[PDB]
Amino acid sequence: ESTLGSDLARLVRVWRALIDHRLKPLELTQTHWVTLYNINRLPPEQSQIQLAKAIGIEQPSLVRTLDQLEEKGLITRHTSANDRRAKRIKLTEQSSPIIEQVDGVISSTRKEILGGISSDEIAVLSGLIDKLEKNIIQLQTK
């Protein structure tokens, strides 16, 4: 029998693990580098719900992670001028060289991994990922 879904979970596990290994010198947890990775790529005006989903933890879990990152001095959480229940999540000046380390491993690691496959594979695969995700979310609505 196919165990395709499980095989896909394993692939993501080992991809993450490889990145986590390469980042071993920063001494950050995986939720930490994944959180910082996503804060950098996502606008500060965006809500915690939207940040939490991209990262893959729940909203309350994100609050705990953001607490840790603020104590470390890597982010600030300041109230927005246009909406007073919303807070902008911004990387601090001093995080800049850490973000460079995380982004570089992530990017290099992807290039190395996808460097071992055909354009057809990459394209067919990239499109399917979007399609299957699309289907599941619909099924979840049903």
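Numbering starts at 1 and runs along the sequence shown.
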**Asked** Going by the B-factors listed in the PDB entry, is the mean over the C-alpha atoms higher for 9-17 or for 130-138?
**Response** 130-138
**Request:** Using only the Cα atoms and their B-factors as the entry lists them, report which of 27-35 and 72-80 averages higher.
**Result:** 72-80
**Request:** Report the option among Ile49, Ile106, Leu66, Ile113 whose CA atom has the maximum B-factor in the deposited record.
**Result:** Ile49
**Item:** Record-listed C-alpha B factor of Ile98: chain third
**Value:** middle
